Structure formats: structure tokens, C-alpha cells
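Only one structure is covered here, and it is reproduced in the block below.
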Amino acid sequence: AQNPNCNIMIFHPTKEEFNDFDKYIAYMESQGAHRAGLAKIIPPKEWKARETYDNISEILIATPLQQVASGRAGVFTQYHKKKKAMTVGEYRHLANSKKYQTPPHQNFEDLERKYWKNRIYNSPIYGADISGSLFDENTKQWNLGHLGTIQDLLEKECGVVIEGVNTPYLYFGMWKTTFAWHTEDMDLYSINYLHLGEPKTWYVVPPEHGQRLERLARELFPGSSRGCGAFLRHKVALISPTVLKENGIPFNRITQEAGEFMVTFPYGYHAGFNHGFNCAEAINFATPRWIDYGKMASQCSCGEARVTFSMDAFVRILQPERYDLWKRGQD
Ligand SMILES: O=C(O)CNC(=O)C(=O)O
Ligand SMILES: [Mg+2]
Ligand code: NI
Ligand SMILES: [Zn+2]
């Protein structure tokens, strides 16, 4: 078995190997990459996502989210408070302000310490989930706006044509902006490209150990657990690496820098934070190996998780028994 300790693997494809996305994901899996739950892909030196980022300031963040925490430093939840609209120019200025800027630090490790020590005492503002793309239409390789769609994958594998569309999202981050512990909708893959700015640190639990994370989360968030059998779908809970180590949860960590791709694999729980002003783009995708995970994915039916138009058809076709109850939650 390849990669039995489930370590995060880093790949360096040649320009030739960067042509066929599907084939490269399948190569990574042949080397065991999926066992970790997350892989890093460094693009060939010849490649570029677009010519410059000099003209992005007028993009609108219609609903910036202030991430307010509750709990203790290592075990907390966050809620998203809606703020007034602002442009990317305005947001970048705010990120760089004395109130919100990254503090002086020695290295990534010192910054990670400071994050886990101090995150709960601040409420950073995240420009998340903005429909759109920063890839140039002429970038032919690994263009996240030009991937094969999940609807077409399900049709190719299973023969059923379904409604729905699949488009990328932009994330504008600042220091301490946080992504809570989650897997993707319907335990899909995700791909994330860090277009610009400061790094993003990731934590991941191997898919084969996901249920261990879920059991710990039920213990640490007992009211949430009673309210919903799949409350991590709400994307609000944080558990620190110290806490995971104390409870024997297997995980790994890695920092993504500007110009690098990360891929999350089906049922790979992940969480993390941004080091300072940055812009990432991400999208869900599928492969033939995803189908079985989609069929088994948990669902939130308490009504909190509330998801995209396109998830309807995935539930309807892959989880017909669940469909009725899940849709009650959606309505
Ligand atoms: O970048 C973020 O805030 C969150 N991204 C992801 O969870 C992802 O790409 O799967
Ligand atoms: Mg602009
Ligand atoms: Ni994700
Ligand atoms: Zn729920």
C-alpha cells in the first residue's frame, strides 16, 4: 500500500504532465496521495494563472463576514456576522490596518503559535465564497473555471443526466481568518489555488480516520451534537493541533504559499487559517473514485447547513432514501 503513514505529499509536475488534469489526479492517487486527505501541487515554472494581479481592486465583496469566536483557545466555534459591502481595494487596506495586520513574528511556527494562542480574542473579516475566477481565459492548464463538471462526471459514470452547474469561488483573506473543520459537500474533492498574498496553513485528518475526528467533535461540542447528527457540515467548529494530539487524533499540517495548488480528497477533514492579506480560488470536483463516497456522505438535515442548488441532484440520485428528509431541511 502506497503512503501507509498518510503523510501529505508534494508534487512537481512537468509542463507535459500538467496538460491532462484528470490523468494527474489519478497519478497522485497511484502514489498514495489521497491517504493523507490533502496534497500540494507546485506548478511547472513555465506556467502562470494570469499575467498580473494589478487590476483586481474593483472586485466587490458584497457580504464580508466577521468571524466571531466563542469557547476556549483550543476548542471554539465561530459565527459569521454580515458586514457592509466593500471592494477588494478597501478590504486590502483594512487587512493591512493596525487593528487587523499580521503581527511581527520569526517564522511560520511562531505565527502558528500566536494564531492558536490569540485567535479567539479577535474577530477578523473574511471575503468568502464569491462567485468568480481570476484565471485568464487563455490559461489552458489547471484553469479552475474550465474543469469537467461534477454533473458530467456523474453522467459518465452512472448514465443519468442531471441539472446543475459547478463554478469557482474566490476567497479574500486576512490575518486569523479561519476555515473550520469540514469535508466538502457530498464528500467531493476540492482544489484551491492561492493566487496572491500571504500564506494559508492547513490541517488535515486522513480519510480513513475521519470518524475519529467526528467522535472527538461530538465530545467537545455536546450541544451541537445533540442538535444535528452531522453538525460539522455547519462549518463552525475549531479544534487546535494541541487538542488533537492530546486526544490521539491522527493529522498533518502544511503551509500553502502563493502560486501553489492544494487538493483535498474525498472525506478528508480539513481546517486552517490565513497569515495575512491573500486571495484564493477554489472549486469542487469529482472522479470515478468519488462516487462511492458520495453515496455514503453524511448529511445535515437540521436545516443549518443550507447548500447549493446543485447538491439536490447529487442527494436525489446517490442517496434516494435520504432525499425526502434532507430536502425538508433545505425547505
Ligand atoms: O480557503 C478557504 O478558506 C477554505 N477552502 C477550502 O476549504 C477548500 O479549498 O476546500
Ligand atoms: Mg478590479
Ligand atoms: Ni474545503
Ligand atoms: Zn445540521
Side-chain angles (χ1 to χ4, degrees), residues 21 25 38 41 49-50 53 56-67 78 80 83 85-89 91-92 95 124-137 139 142-153 163-174 177-202 232-236 256 258-266 268-274 277-286 290 300 305 307-314:
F21 183 84
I25 301 300
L38 182 71
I41 309 92
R50 63 182 301 111
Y53 295 88
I56 68 167
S57 307
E58 314 304 302
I59 294 170
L60 190 68
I61 306 175
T63 310
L65 305 175
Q66 176 166 55
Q67 303 188 295
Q78 56 188 12
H80 289 166
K83 307 294 283 185
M86 78 182 81
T87 61
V88 162
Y91 181 89
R92 176 173 64 235
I125 296 161
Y126 207 172
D129 296 319
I130 297 158
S131 291
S133 189
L134 294 174
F135 284 88
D136 186 310
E137 68 175 6
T139 297
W142 288 56
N143 183 323
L144 298 187
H146 292 171
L147 304 181
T149 70
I150 300 160
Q151 299 73 21
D152 287 343
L153 182 281
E163 72 295 350
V165 292
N166 174 207
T167 57
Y169 294 92
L170 304 179
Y171 300 77
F172 291 93
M174 72 170 57
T177 58
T178 301
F179 55 110
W181 279 106
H182 68 284
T183 60
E184 308 302 307
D185 290 344
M186 217 70 184
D187 298 342
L188 288 155
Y189 296 69
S190 69
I191 183 163
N192 184 297
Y193 181 68
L194 190 53
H195 278 284
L196 66 97
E198 306 310 313
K200 187 192 293 291
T201 293
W202 299 70
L232 293 177
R233 304 264 169 221
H234 311 164
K235 313 194 289 187
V236 296
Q256 176 190 23
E260 305 177 340
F261 290 91
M262 308 294 301
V263 163
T264 83
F265 293 86
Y269 276 103
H270 51 287
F273 64 91
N274 296 302
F277 176 72
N278 62 17
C279 177
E281 178 169 343
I283 198 174
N284 299 115
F285 72 94
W290 166 71
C300 165
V307 302
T308 186
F309 176 101
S310 311
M311 228 194 92
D312 194 283
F314 308 153

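These values consider heavy atoms only, across backbone and side chains, with no hydrogens, waters or symmetry-generated copies. Positions are given from 1 along the sequence.
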Side chains of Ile130 and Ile61: closer than 4.5 Å at any heavy-atom pair?
yes
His182 side chain reached by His270 side chain, heavy atoms, under 4.5 Å:
yes
Would you say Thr201's side chain and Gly272's backbone share a donor-acceptor pair under 3.5 angstrom?
no
Can you list the steps and then say if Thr264 with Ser190 is a side-chain hydrogen bond (donor to acceptor under 3.5 Å, both in side chains)?
CA-CA 5 Å; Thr264 83; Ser190 69; 2.8 Å; yes
Minimum-distance pair of heavy atoms, taken over all atoms of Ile41 and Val263:
CD1-CG2, 3.6 Å
Do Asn278 and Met174 have side-chain heavy atoms sitting under 4.5 Å apart?
no
If you measure from CG on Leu170 to OG on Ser131, what distance do you get to the nearest 0.5 Å?
8.5 Å
Aromatic plane relationship, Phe135 with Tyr193 - under 30° parallel, 30 to 60° tilted, over 60° perpendicular:
tilted
Out of curiosity, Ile56 CD1 to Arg92 CZ, how far, rounded to the nearest 0.5 Å?
6.5 Å
Could you walk me through whether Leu194 and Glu281 pass the side chain to side chain contact (heavy atoms under 4.5 Å, CB included) test, one step at a time?
CA-CA 7 Å; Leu194 190 53; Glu281 178 169 343; over 6 Å; no
Could you tell me which non-hydrogen atom of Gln151 sits nearest to which non-hydrogen atom of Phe314, and how far apart they are?
NE2-CZ, 3.8 Å
Run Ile191 and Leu147 through side chain to side chain contact (heavy atoms under 4.5 Å, CB included) and show every step you take.
CA-CA 11 Å; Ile191 183 163; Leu147 304 181; 4.1 Å; yes
Under 3.5 Å: donor-acceptor pair, side chain of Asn143, backbone of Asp136:
yes
For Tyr53 and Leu196, indicate whether the former's side chain and the latter's backbone hold a donor-acceptor pair under 3.5 Å.
no
Within the supplied structure, the quantity of interest is the number of heavy atoms (other residues, nucleotides, ligands) at a distance under 6.0 Å from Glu163 CD; does it exceed 12?
yes
Within the 3.5 Å criterion, strictly below it, is a donor on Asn274 or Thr177 matched to an acceptor on the partner's side chain?
yes
Closer than 3.5 angstrom, by distance alone: can the side chain of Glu184 be matched with the main-chain N or O of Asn284 as a donor-acceptor pair?
no
Taking the side chain as every heavy atom from C-beta outward, state whether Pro64 and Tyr126 have any atom pair closer than 4.5 Å.
no
Of all heavy-atom pairs between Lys83 and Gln66, which one has the smallest distance, and what is that distance?
NZ-OE1, 3.6 Å
Of all heavy-atom pairs between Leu144 and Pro168, which one has the smallest distance, and what is that distance?
O-CG, 3.7 Å
Geometric class of the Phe179/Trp202 ring pair [parallel <30°, tilted 30-60°, perpendicular >60°]:
perpendicular
Could you give me the CA-CA distance, side-chain angles and deciding distance for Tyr171 and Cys279, then say whether side chain to side chain contact (heavy atoms under 4.5 Å, CB included) is met?
CA-CA 6 Å; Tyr171 300 77; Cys279 177; over 6 Å; no
Does any N or O in the side chain of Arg50 come within less than 3.5 Å of the main-chain N or O of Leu134, such that one atom is a donor and the other an acceptor?
yes
Within the distance-only criterion (no hydrogens, no angle test), does the side chain of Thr308 pair as donor or acceptor with the backbone N or O of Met311 below 3.5 angstrom?
no
Could you tell me whether the side chain of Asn192 reaches within less than 4.5 Å of the side chain of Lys200, counting heavy atoms only?
yes
Flag the pair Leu153 / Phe285 as yes when at least one side-chain heavy-atom distance between them is below 4.5 Å, and no otherwise.
no
Looking at NZ of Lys235 and OG1 of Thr183, how far apart are the two atoms once the value is rounded to the nearest 0.5 Å?
9.0 Å
Of all heavy-atom pairs between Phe265 and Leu38, which one has the smallest distance, and what is that distance?
CD1-N, 3.7 Å
Do you know the tightest heavy-atom contact between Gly148 and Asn166?
O-OD1, 4.1 Å
Under a 3.5 Å distance rule, please check whether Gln67 uses its side chain to pair with a backbone N or O of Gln78 as donor and acceptor.
no
